[PDB]
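This is what each chain is made of:
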Amino acid sequence: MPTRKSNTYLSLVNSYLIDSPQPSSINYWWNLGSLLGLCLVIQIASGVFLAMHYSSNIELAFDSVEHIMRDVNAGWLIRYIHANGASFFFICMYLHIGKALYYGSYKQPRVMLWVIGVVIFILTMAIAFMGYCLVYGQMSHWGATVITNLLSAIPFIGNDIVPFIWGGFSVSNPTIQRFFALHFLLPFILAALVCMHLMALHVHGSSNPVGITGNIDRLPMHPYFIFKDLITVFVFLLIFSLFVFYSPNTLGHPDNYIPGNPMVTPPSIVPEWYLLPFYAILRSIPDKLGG
Amino acid sequence: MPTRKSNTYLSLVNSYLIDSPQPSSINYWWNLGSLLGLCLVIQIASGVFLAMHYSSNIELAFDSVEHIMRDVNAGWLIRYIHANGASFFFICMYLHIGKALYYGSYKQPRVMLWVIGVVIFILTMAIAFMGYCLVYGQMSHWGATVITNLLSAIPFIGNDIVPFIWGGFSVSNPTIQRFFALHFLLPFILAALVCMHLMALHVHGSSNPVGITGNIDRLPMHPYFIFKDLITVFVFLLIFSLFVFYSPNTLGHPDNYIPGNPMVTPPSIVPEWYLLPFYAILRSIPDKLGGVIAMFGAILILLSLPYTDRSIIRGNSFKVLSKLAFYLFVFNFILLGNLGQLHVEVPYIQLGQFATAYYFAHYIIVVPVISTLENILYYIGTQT
Amino acid sequence: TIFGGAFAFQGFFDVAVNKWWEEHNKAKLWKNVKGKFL
Amino acid sequence: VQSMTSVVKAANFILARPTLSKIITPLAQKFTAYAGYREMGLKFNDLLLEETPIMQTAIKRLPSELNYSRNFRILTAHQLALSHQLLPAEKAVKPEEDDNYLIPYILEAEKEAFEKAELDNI
Amino acid sequence: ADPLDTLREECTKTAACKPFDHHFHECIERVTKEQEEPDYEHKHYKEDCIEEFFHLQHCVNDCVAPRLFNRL
Amino acid sequence: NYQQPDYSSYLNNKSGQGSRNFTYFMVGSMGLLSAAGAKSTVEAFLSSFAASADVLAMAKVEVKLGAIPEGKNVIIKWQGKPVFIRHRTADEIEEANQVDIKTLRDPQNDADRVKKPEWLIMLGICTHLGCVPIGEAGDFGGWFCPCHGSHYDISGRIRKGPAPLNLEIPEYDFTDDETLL
Amino acid sequence: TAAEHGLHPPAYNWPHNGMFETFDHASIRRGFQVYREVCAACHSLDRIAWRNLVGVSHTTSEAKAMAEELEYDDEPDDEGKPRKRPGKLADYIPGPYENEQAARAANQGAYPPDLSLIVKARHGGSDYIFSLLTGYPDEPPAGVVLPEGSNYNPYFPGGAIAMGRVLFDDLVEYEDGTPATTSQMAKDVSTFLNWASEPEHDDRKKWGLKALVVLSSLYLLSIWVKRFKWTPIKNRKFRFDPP
Amino acid sequence: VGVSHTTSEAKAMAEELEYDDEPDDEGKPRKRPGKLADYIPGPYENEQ
Amino acid sequence: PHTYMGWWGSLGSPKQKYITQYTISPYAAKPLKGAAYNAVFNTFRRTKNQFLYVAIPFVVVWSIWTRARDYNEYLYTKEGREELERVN
Ligand code: HEC
Ligand code: HEM
Ligand code: HEM
Ligand code: HEM
Ligand code: HEM
Ligand SMILES: Cc1cccc2c(-c3cc(C(F)(F)F)ccc3F)nn(Cc3nnn(C)n3)c12
Ligand SMILES: Cc1cccc2c(-c3cc(C(F)(F)F)ccc3F)nn(Cc3nnn(C)n3)c12
Ligand code: FES
C-alpha cells in the first residue's frame, strides 16, 4: 500500500483531496466549495491576528480597531482582509448555493448534505452580524440594537430574553464582550460543520452538470481538480486583492467609521450588502414576530 | 443496517463510542482518556464563559477577573472551574501518561499514537502557561518575563525573537493581548490533535493490562465502558467540586491575586504545581540554552521511550524489575516536582541536578537495560 | 418529558439543602443577626 | 523490539557456562514465579507482543491444538484480570508447563527475515 | 485583659513551652551581654534570638490556636 | 448438550419481572439525577449571560432634574436608551386635551402618559427598529423617527409611520425638582 | 530562612472554617466597623462597593446612609465644571489616599496594600491576618535591629514591617455590646477581610454542598449500574474440551 | 515624519505645545513639552 | 490496512473453535455477590502483592528527600550558619 493510503491521516487526506473520485464533467462552479474553505481559513487567520490587537471593551473597541489600522504593522492589511473576506465568503456562498440550485445538487442522495449546508449558511450570517457588531460603529451599534429588539417579538420569552442576550438593559460593554467571545467561537463550531458537510458529501460524492451518474467516468481530485481549484483560488485572491488594496471600503458602509453612540441615530440603518436580501424581507413584513 | 451504522455521523459515533471493541480486561486506568476529553470540554466551556467577561487589556485584565469574581453571576464558579480544571486536566494527563508507561501502551503498534500524545502534552502546557499569564498577577507577570527571557538563549535568533513574541520591549499590553488570542485558539488546535489522537488509537485499538492481544475477548464500548467512564467522570467531578467549592485556592498561588507590576519581584517566582517538575530541570541546568533544551527534552524523550524499550512483552504488570524501575521513576518525578517549588538551596540544587540526571537516565539506560535483562531472565527461567 | 423529573429533583434537593443549611448556620446568618445591631 | 533470536542467543551465551548458570537460573526461576503471569493461567509465550509481523507469522504457523490451547489461556487470563481474581496454586500454570512452545516458530520466522535482509543487502 | 494574653501567658508556663521559654531567656541575656562589648558594633555577625523566639511562638501557638476562639 | 456450571449461588432470589423493574427504577433515577445536575450547571452558566451586578446597580439612576425652558426637550442616559425629558408648556397640554379614540394605533392621553405637564418623561427609542427620534421633525408636532419617517405626538402617541406602539414612558417617578427612578 | 519565609501562622478554628460553615456575619459587621474606624486611615478597599454590604452586614438603608455621607467625583457637567455628588450604593468605597505617593509619604515610603484581596493574596489567609495584627510583641526579640519608622512582627516576611500595632484594647465601641479587645477586633477584621476577598464564600459552600450531594448520588448510582451491567461478564465462565 | 514634515519640524511643533505630563504621583499636576509620540490636541477639552 | 485490530466480524483473533462461553442474564444474577468479600479480602490481596514495588522505591526516594530537607534546615538554623558559609 502507498504511504498515502496506509497512514490514517494521509489516508484521509487521500480520500478527500488526492484520490477522491470526482466526476470528470464538473465545471468551475464545483470549485467554489474549496474556495469557501480557503475563505474560512483566511478569515480565521485574519481574525486571530486581529484578536491579538482588538480590545473587546466597548470604550476601547473602535479605538483599538483604529490602533490596528494606524499603528500595528500590516494591521490595516489584516483588518481589510477580514472585513472584505466576510463579503467574499458570502459571495462564494451565494454562488455555491446558486450552483446547488441550478444543477440540482440538493436532490435525494445529498439531501443530508443540503441540510448541513443550510445550517452553515445560517450560522455564517449569525457569525457575520456578530463580527460587524464588534467594531461598534454607528451602523454596528444600531444593527445590534435593531436585531436584539426584533428578538423581543417572541411572546412568552421575548420580554426577558433580550436583556439576557444583551447582558444589560441595552447594547453595552457586556454585549460587545459577549459578541466578541461568541464570534471568536462560532466560526470554530462552523469549522466542525464544514467537516460534517464534507463527510455528507463524501458519502455519496459530488454531482455533475449533466445531472447523471458520475460513476461512468470519474477522475482523481488530484491533479486535475486540484489545479482547477488553484486556478479559481488565484482568481479569487486576485479579485480579493483588488478590493482589499485598491477599493476596500466600497463594500462596507462609511457610517461604521463613526464611533457609535446610542443618542444619535444614523439616517439609514442598513446591513452590509449581503444581508440586504434577508433584511428586505424583515422590512416588508409588518409584524415584528412575523418579520 | 441499523440507523446508527448507516448514517455517517452516527456511524462515526458508533465506531468510537458504541461498538468500539475495547478489550474486556481494561481496568479503570483506561477511563482517564475520556476523562481528559471531558476536562478539555469543561475547560473550553468555562473559558468561553470567561472570554465573555474578561478584558485582554493589561490595565483591565486583573480588574476584569475580579469583576468576574465579584459582580458576574456565577462568575466566581466559572473562574474557579477554569483555574482548578487546568490543574485537574494535568492530573488526568499525568495519570494518563503513567498508565501508558506502566502498561506499555507506547510500544510498536501505537508508536504513532504515542507521538501525537507527546505533542498534545507539550501543547497543553504551552496553553496552560499562556492562560496563567492572562490574569496578570505578580506570578503571572514574572513567569511570563522569566520564560520569554529564557527564549532569548537561542544564539542566532534569540536576540530579536523575544521582542517579536512580546510585541514590545517587555511584557506589556501587546503581550497579554497576544497571549489571550493564542490561548483562546491553541486549545482549539489541541481539540484537533485530540481527534487525531483518537484516530491513531482507533486504527490499532486500545491496549490492556495483561499486555496481550485483546482480540480474543472484545466488548463494545457501550454499555460497559460507557458506564465505567460515567463512574470515573462522577468521581472526577466530585473531587473537582471539593476543590472548586471547598478549597479552590490551594492549588493556585496566593501571589497571583496581587496586581502585577514589573518593579516589584516576588520572593519566589514559581509555576503552578504541575509545571514544577519541568521548571525544576530549568533551575538545575546552568546554561539558559541548555536549561530550555533539557526542559523540552524531559518531555520529548517520551518519543524515544518506545525505541529504548527493548522488551518483548507489552506492559509491566508481569515484570518485577520493570515495575520497580517505573515506580522509582514516578517517585523521582514527584521529587523533582517538589524541588521545583523550593528556593535554590545547596542540598536542593545538587538534588535537583541528580534528579534530572536520573530522570533522563531512566529513559536512556534503565528501560533498555532492564527490558533486555528481563527478556533474558524470562527465557532462561522458562527454558528448564 | 424528562425535564419533569429533573425539575422535581432540583426543587426537592434545593429546598431540603436550603432548610438544613439555614438551620445549621442559623446564628451566623445576616437575617438572624440584623436584629441585634438594630 | 528485541529480536527473539538475540534473547535466545544471550540465554545460550549464559547457559553454556555453569559459572553463570548456577547463579542466574535460580534467580530467573524466582523472577518468573514472582512475575505473576502463571497465576493468571498464562505461559511465557502468551505474554509475547503479538502485534509484530514476525510474531503474527509465527502465530499463524502454530499447530491447531497449540493455537486453541493458547486462545483458551488468553481468554482465561482476560477473564481473571477482569474479575480481579487469580487461580489457586492447584489451577495455576506449574513451572514445568512453561514449555516455550512458541519459541521455535518465532525463531524460524526471525531466521527467514534475517536471511531476506542479509541476501537483499549485498 | 484580652483572652489572647491570658492564653499566651498561661501556655508559656506549660512543660511543653518551658524549655523554649528558658532558651529564649538565655539567648536574650547572652545577646545582650555580647552587644555590651565595644566590638559588638564591628562584629560582622551578631547573635540574634529570632530562632528561639520563633520556636517558642510556634509552641505557644500550637497550644492556644484551638483554644482562643472558644473564648471569643 | 453438556453440564453447565452451577450458578445456584449467583442466582437472584427476586421475581422475574421485579428485578428488571428495580433496574429500571435505578437507571431512570440516575438519568433524572444527571438531568437535574445538568440543569443546575447549565442554569448557573447561563445566569452569567444575564445582567451582572454592575449593570443592575447602574440602572434605575436618578436624573438631575430642575428648572428648564418650557417646551424644551432635555436628554438623559438612563439604562442606555435616551430619555427625552421635556417640560412641555401648557400649550402642549391643551393640544393633548383633544381626545382621540380613532386614528391612533394606541389611544391614550396625558392622563397616563405624564404625571404633570411641567415634567414629561418619555423614552426616545422608537417602536419599529428602535432609533432616537428627532425632537422637532414630528409630523404631529412631537418627535419624528427619521429611520422610517414616523411621527410621534406631543403626548408620545404614534400618529403615523411604521410605529408598532406609542412612545414608551419610562417608569420614572417624579419628586421635588428631581427624577426618582 | 525561617525569618524570610515568615513564621507560619497557626490554624485557628474559625467560625466559618469547615465545609458547611458560613461566615459569622455579626463578625463581618464588627470587622467592617473596625476597618472603617481604623484601617480606613491607611488601607483602601477599592474593590468593595456599598452594594456588596446589603444583605451581608448592613441593611440597605444603612449602606445608603453611609454612601450618602461621602462625596464622590460626579461626572462633571461636560462643560468642564467639576463637582461632587452624594454617594450611591453602587459607588466603591474610597481610600484614604488618592494615589500611591500620598500614602507612601504619609506612611514613610511604605504603601498600605489594598485589603480587598489581601486574604487571598497571603499564605494562611485569615490566620495570617489575625496573627499579624496580634503578632507585634511588646518588646522585639533581642539582637534584631529595626530601621527607622519600622516595627517588628514575626509573621511578616523578614520580621520588619512598617505598620505598628494599631488594634489596642478597647479601641472601638462595638455597637452590639461585644467587648472590643484587641483579639476580638483582630478576629472581626480578619473575618471581614476574608469576606472581602471571598464574598461568594457563603454561596460557594452552599453550592458545593448541593454539588456534592448530587454528584455522590450519581456516583453511587453509577457504581450500582456498572456492577450490574458487568455481572454477566464478571460471572462469565468457560470450558475448553479438545479431543 | 517622512510624510509631510522632517523629523526636526515635527519635533519642534510638538515641543511648542504643552501636554498633560504624568503628574508626580504626589498629585502635583504639571505640563511638559510635546513629543513626537503625543497626539495632536483639539481646540476643546471636551464636547460641550 | 493491516491493522492488528479489525471490526467485530474479524477482530484479527486466531481460530478459537473449541472454547465455550457462559453467562447469566444480569436480570437473573446478583450484583453484590462478591462485593463484601472482595472489597476487603481481594483488595488486601492486590495491595499486598503490589506493595513492595511501591514501598522500596518510595522508601529510597523519601529517605533521600528527608536527608536533603533536614540538611537544608540545619543549614538555615544558627548552628549551621558557618557551614552555610563554608559550602557556599
Ligand atoms: C497606618 C500607617 C496603618 C494602619 C492604621 C493600618 N495599616 Fe496595615 N500597613 C500599613 C503599611 C504602610 C503597610 C505596608 C507594610 C509593608 O512592609 O509593605 C501595612 C501592611 C499591612 C498588611 C500587609 C502585610 C503583608 O503584605 O505581609 C496588612 C494585611 C495590613 N497592614 C493589615 C492592616 C489591618 C488589618 C489594619 C486594621 C486597622 C491596618 N493594616 C491598619 C499601614 C497601616
Ligand atoms: C461554508 C463553507 C463550505 C464549504 C467548506 C463547502 C465545501 C464543499 C465542497 C468542497 C463541495 C464539493 C465541491 C463544490 O461543490 O464546490 C461541496 C458541495 C456542496 N455544497 Fe458546500 N461548502 C460550503 C458551503 C456550502 C453551503 C453553506 C451550502 C448550503 C446549501 C452548500 C451546499 C452544497 C451542495 C448542495 C453541494 C453538492 C454539490 C454537488 O453535489 O454538485 N455548500 N461543499
Ligand atoms: C466565517 C467567519 C467570519 C466572518 C464571516 C466574519 C465577519 C466579520 C465582519 C463582516 C466583520 C465586520 C468588519 C467591518 O465592518 O469592517 C468582522 C469584524 C471582526 N471580526 Fe470577523 N468574521 C469571521 C470570523 C472571525 C474570527 C475567526 C475572528 C477572530 C479570531 C474574528 C474577529 C473579528 C474582529 C476582531 C473584528 C473587528 C476588528 C476590526 O475590524 O478592526 N472574526 N468580522
Ligand atoms: C486545555 C485548555 C486550557 C487550559 C489547560 C487552561 C489553563 C488555564 C490556567 C492554568 C489559567 C490560570 C488561572 C488561574 O491562575 O487562576 C487560565 C486562565 C484563563 N484562561 Fe484558560 N486554559 C485552557 C483553555 C482556555 C480557553 C478555551 C479559554 C477561553 C475560551 C481560556 C481563557 C482563560 C482566561 C480568560 C483566563 C483568566 C480568567 C480569570 O482567571 O478570571 N482558557 N487558564
Ligand atoms: C489530552 C487529551 C487526551 C484525550 C482526549 C485522550 C484520549 C484517549 C482515550 C479515550 C484513550 C483510550 C482510553 C484511555 O487510554 O484512557 C487514549 C489512549 C491512549 N492515550 Fe490518550 N488522551 C489524551 C491525552 C493523552 C496524552 C497527552 C498522551 C501522551 C502520551 C496520551 C497517551 C495515550 C496512549 C499511549 C494511549 C493508549 C493506551 C492503551 O492503548 O492502553 N493520551 N487516549
Ligand atoms: C446594520 C444592520 C441593520 C439591520 C439589520 C442588520 C443585520 C442582520 C443580521 C441578521 C442575523 F440575525 F443573521 F444576525 C439577520 C438580518 C439582518 F439584517 N446585520 N446588520 C449588521 C451587519 N450586516 N452585515 N454584516 C456582516 N453585519 C444589520
Ligand atoms: C510563574 C512561572 C515561573 C517559572 C516558570 C513558569 C512556567 C513555565 C512555562 C513553560 C512553557 F514553556 F510550557 F510555557 C515551561 C516551564 C515552566 F516552568 N509557567 N509559569 C506560569 C504557570 N505555571 N503553571 N501554569 C499553568 N502557568 C511559570
Ligand atoms: S425608525 Fe425603523 S421603525 Fe421607527
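The name the PDB entry assigns to chain I is Ubiquinol--cytochrome-c reductase subunit 8, from the organism Candida albicans. Its PDB record names the entry "Complex III2 from Candida albicans, Inz-5 bound". According to UniProt, the comment filed for chain I under the heading Function (literature references left out) is "Component of the ubiquinol-cytochrome c oxidoreductase, a multisubunit transmembrane complex that is part of the mitochondrial electron transport chain which drives oxidative phosphorylation. The complex plays an important role in the uptake of multiple carbon sources present in different host niches."

Regarding chain F, the UniProt comment filed under Catalytic activity reads as follows: "a quinol + 2 Fe(III)-[cytochrome c](out) = a quinone + 2 Fe(II)-[cytochrome c](out) + 2 H(+)(out)". UniProt's Sequence similarities comment on chain F is quoted here verbatim: "Belongs to the Rieske iron-sulfur protein family."

Engineer: Can you lay out the overall build of chain I for me, pointing to particular residues and giving the numbers?
Structural biologist: Regarding its fold elements, chain I presents two helices and one strand. Reading the helices (α) and strands (β) of chain I from amino to carboxyl end gives β-α-α. In terms of C-alpha radius of gyration, chain I reaches 29 Å, well past the compact-globule figure of 12 Å for 88 residues.

Engineer: Which residues make up the overall build of chain F, and what are the values?
Structural biologist: A count of helices and strands for chain F gives four helices and five strands. Starting at the N terminus and ending at the C terminus, chain F contains elements arranged as α-α-α-α-β-β-β-β-β. Relative to the compact-globule value of 16 Å for 181 residues, chain F shows a C-alpha radius of gyration of 31 Å, a clear excess of over 25%. When contacts within chain F are restricted to residue pairs at least 6 apart in sequence, those whose partners lie at least 24 apart make up 37%.

Engineer: Outline the interface of chain G and chain H, supporting the account with residue identities and numerical values.
Structural biologist: Interfaces are often sized by the accessible area lost when the parts come together. Every contact between the two is made by seven residues of chain G and, on the other side, five residues of chain H. Classifying every residue of the side of chain G that touches chain H gives one nonpolar, three polar and three charged.

Engineer: Account for the UniProt feature "transmembrane region" in chain I, with residues named and values stated.
Structural biologist: The feature "transmembrane region", as given by UniProt, occupies residues 51–68 of chain I in the numbering adopted here. Note that residues 51–68 of chain I is 100% helix and 0% strand, and that its end C-alpha atoms are spaced 25 Å apart.

Engineer: I'd like a rundown of the coordination of the iron atom of ligand 2, residues and numbers included.
Structural biologist: All names here are of chain A. At 2.1 to 2.6 Å from the iron atom of ligand 2 lie its protein donor atoms, namely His 96 (NE2) and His 197 (NE2). Considering all six donor atoms around the iron atom of ligand 2, the spread of angles at the metal, 38 to 175 degrees, places the coordination shape in the irregular class. With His 96 in helix α5 (residues 75–102) and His 197 in helix α9 (residues 173–204), this residue pair connects regions lying 101 residues apart in the sequence. In this pair, the class of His 96 matches that of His 197, namely buried.

Engineer: Lay out the coordination of the iron atom of ligand 1 in plain terms, naming residues and giving numbers.
Structural biologist: Residues and elements named next belong to chain G. With distances of 1.8 to 2.8 Å, the protein atoms coordinating the iron atom of ligand 1 are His 43 (NE2) and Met 163 (SD). Geometry at the iron atom of ligand 1 is irregular, judged from the six donor atoms that bind it and their angles of 79 to 179 degrees at the metal. Highlighted residues: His 43 in the loop between α2 (25–37) and α3 (50–53) and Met 163 in the loop between β4 (160–161) and α7 (182–197), separated in sequence by 120 residues. Given the relative accessible area of 22%, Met 163 is considered partly exposed.

Engineer: Talk me through a nonpolar patch on the surface; I want residue IDs and the actual numbers.
Structural biologist: All names here are of chain A. Taken together, the side chains of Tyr 28, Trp 76, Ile 231, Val 235, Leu 238, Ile 239, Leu 242, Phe 245 and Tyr 246 present a nonpolar region at the surface, about 940 Å² in accessible area. Considering each element in turn, the nonpolar patch owes the most residues, seven residues, to helix α10 (residues 221–246). Checked against the element boundaries, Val 235 lands in helix α10. By relative accessible area, which is 43% here, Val 235 ends up partly exposed.

Engineer: A description of the nonpolar core should follow, citing residues and the corresponding values.
Structural biologist: A general tendency of soluble globular proteins is for nonpolar side chains to be buried together. Grouped together as the largest cluster of nonpolar side chains are 229 residues, with contacts concentrated most on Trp114(B), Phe121(B), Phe278(B) and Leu48(D). Ranked by residue count, the leading element in this core is helix α5 (residues 75–102) of chain B, at 16 residues. Apart from the residues within four sequence positions on either side, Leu48(D) is in contact with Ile312(B), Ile313(B), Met55(D), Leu102(D), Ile103(D) and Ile106(D). Membership of the second largest hydrophobic core comes to 60 residues, among which are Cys49(E), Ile50(E), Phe23(G) and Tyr72(G).

Engineer: Explain the site of ligand 3 to me, using residue names and the numbers behind them.
Structural biologist: All names here are of chain A. Taken together, 23 residues form the shell around ligand 3, and within it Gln 43, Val 65, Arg 79, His 82 and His 183 come nearest. The side chain of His 82 places a nitrogen or oxygen atom 2.6 Å from a nitrogen atom of ligand 3. At 2.4 Å from a nitrogen atom of ligand 3 is found a side-chain nitrogen or oxygen belonging to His 183. The set of elements that each furnish at least two residues to the shell around ligand 3 consists of α3 (32–51), α5, α6 (111–134) and α9. Counting residues per element, the shell around ligand 3 draws most heavily on α3, at six residues. Residues belonging to the shell around ligand 3 are distributed by class as follows: 16 nonpolar, five polar and two charged.

Engineer: I'd like to hear about the site of ligand 5, residue by residue, with values.
Structural biologist: Residues and elements named next belong to chain B. Close contacts around ligand 5 come from 27 residues, with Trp 30, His 96, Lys 99, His 197 and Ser 207 the closest. At a separation of 2.3 Å, an oxygen atom of ligand 5 approaches a polar side-chain atom of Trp 30. With respect to ligand 5, the side chain of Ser 105 contributes an N or O atom lying 2.8 Å from an oxygen atom. Looking at the shell around ligand 5, the elements with two or more residues in it are α3 (32–51), α5, α6 (111–134) and α9 (173–204). Grouping the constituent residues of the shell around ligand 5 by class yields 15 nonpolar, ten polar and two charged.

Engineer: Describe in detail the arrangement of the chains, supporting the description with residues and values.
Structural biologist: The interface with the most contacts, out of 18 pairs of chains in contact, is the one formed by chains B and D. Separated throughout, chain A and chain E approach each other most closely at a C-alpha pair spaced 44 Å apart.

Engineer: Which residues make up the interface of chain D and chain B, and what values do they have?
Structural biologist: On the side of chain B, 36 residues touch chain D, which itself brings 40 residues to the contact. Roughly 3,700 Å² is buried in total at the junction of chain D and chain B, and carbon and sulfur atoms are behind 71% of that figure. The three residues of chain D that bury the most area against chain B are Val1(D), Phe31(D) and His78(D), which together make up 20% of that side's buried surface. The tally of links between chain D and chain B comes to one salt bridge. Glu51(D) is paired through a salt bridge with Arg314(B); the nearest N and O atoms lie 3.0 Å apart. Where chain D touches chain B, the interface holds seven residue pairs in polar contact. Elements represented by at least two residues in the side of chain D that touches chain B include exactly α1 (4–15), α2 (18–34), α3 (44–47) and α5 (64–83) of chain D. Its residues assigned to classes, the side of chain D that touches chain B comprises 26 nonpolar, nine polar and five charged.

Engineer: Let's hear about the packing of α6(B) against helix α12 (residues 288–308) of chain B: which residues, and what values?
Structural biologist: All names here are of chain B. Running from N to C, α6 and α12 cross one another at 170 degrees; their axes reach a closest spacing of 9 Å. One way to sum up the angle between α6 and α12 is to call them roughly antiparallel. In contact with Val 111, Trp 114, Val 115, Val 118, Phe 121, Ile 122 and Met 125 of α6, α12 contributes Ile 299, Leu 300, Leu 302, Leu 303, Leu 305, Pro 306 and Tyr 307. Grouping the constituent residues of the contact of α6 with α12 by class yields 14 nonpolar, no polar and no charged.

Engineer: Can you lay out unusual backbone geometry for me, pointing to particular residues and giving the numbers?
Structural biologist: Of the consecutive residues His222(A) and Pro223(A), the connecting peptide bond is found in the cis state with omega at -5 degrees. With respect to the helices and strands, the residue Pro223(A) is situated in helix α10. The amide bond that connects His222(B) to the next residue, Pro223(B), takes the cis arrangement and shows omega of 0 degrees. Inspection of the secondary structure assignment puts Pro223(B) in helix α10 (residues 221–246). Even without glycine at this site, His84(D) takes up a positive phi of about 55 degrees. The residue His84(D) is located in the loop between α5 and α6 (103–120) in this model. The phi dihedral of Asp170(G) is positive, around 60 degrees, even though this residue is not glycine. Considering the arrangement of structural elements, one finds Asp170(G) in the loop between β4 and α7. You can call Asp170(G) exposed: its relative accessible area is 65%.

Procedures and definitions
Residues numbered from 1 in each chain as written, not as in the entry; some residues may be left out. Chains lettered and ligands numbered in written order. Part of a larger assembly, values for the part shown. Heavy atoms only, no water. Residues with missing side-chain atoms left out of burial classes, pairs and counts. UniProt positions renumbered as here; feature names shortened; annotations may be inferred. Helix = DSSP H or I, 4+ residues; strand = E, 2+ residues; numbered from the N terminus. Rg over C-alpha atoms; globule rule 2.2 N^0.38 Å. Contact = heavy atoms within 4.5 Å. Nonpolar A, V, L, I, M, F, W, Y, C, P; charged D, E, K, R; others polar. Donors = N, O, S within 2.8 Å, 3.2 Å for Na, K, Ca; no water. Tetrahedral: all angles 85-135°; square planar, octahedral: opposite > 155°, others 65-115°. Buried < 20%, exposed > 50% of the residue type's maximum accessible area, 1.4 Å probe, protein only. Patch = residues over 30% accessible without salt bridge, like charges linked within 9 Å, V, L, I, M, F, W, Y side chains within 5 Å. Areas by Shrake-Rupley, 256 points an atom, 1.4 Å probe, with all protein chains shown as cover. Salt bridge = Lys/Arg side-chain N within 4 Å of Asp/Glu carboxyl O. Core = buried A, V, L, I, M, F, W, Y, C linked by side-chain atoms within 4.5 Å. Near = heavy atom within 4 Å. Polar contact = N/O pair within 3.5 Å; in protein donor to acceptor, adjacent residues only side chain to side chain. Buried area = accessible area lost by both parts, 1.4 Å probe. Axes fitted to C-alpha atoms, helices over the stretch in contact; angles between N-to-C directions. Parallel < 35°, antiparallel > 145°, perpendicular 65-115°, else oblique.

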